[PDB]
């Protein structure tokens, strides 16, 4: 039951490492999961819904990891605290590059994937502004830009920069340099007067 479902999700993730969603048929997903086509439709309405679930799981795994961090402050300086938080997204999306890339391309065409991404980005930007506000309240960061607008651009930068790096786009920051790069932009823009 949940096993036939996981089989179908695991096949689509393995297949997405090789071709885009358009070059993958329901029969490919069925065959790979060891089931027939009509049995597939019992678990998912379409291959698009398969992607939606995969992205849902990846986005929830990132969100849960960040919530864990939030309730368990790392005992370290400010720069390292932002690094560990950004690293949650670098490791989680960077461990699922194929879903990340397919999820990103599906935003243009799927309302559900567009709204999932948007809900979570709003949540992650609100958390980022809450932390900047705490930092200003404590006297550790200066009152420069509106925190929420600062948070928005910094989260958009990470979405675009992480994802260009993972896809190996031309241009992009190499993946072994993107964490340092982004932490520097964050710390100087949050703390710089």
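Numbering follows the first chain given and starts at 1.
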| property | result |
| --- | --- |
| Higher-scoring stretch by recorded Cα B factor average, 49 to 57 or 125 to 133 | 49 to 57 |
| 158 to 166 set against 36 to 44, stretch whose average Cα temperature factor tops the other in the entry | 36 to 44 |
| Residue 178, C-alpha B-factor rank within chain (lowest, middle or highest third) | lowest |
| Third of the chain, ranked by Cα B-factor, where residue 85 sits | lowest |
| Modelled-residue ranking by C-alpha temperature factor, third containing residue 91 | lowest |
| Chain-relative CA temperature factor third for residue 12 | middle |
| Residue 64 by Cα B-factor - lowest, middle or highest third of the modelled chain | middle |
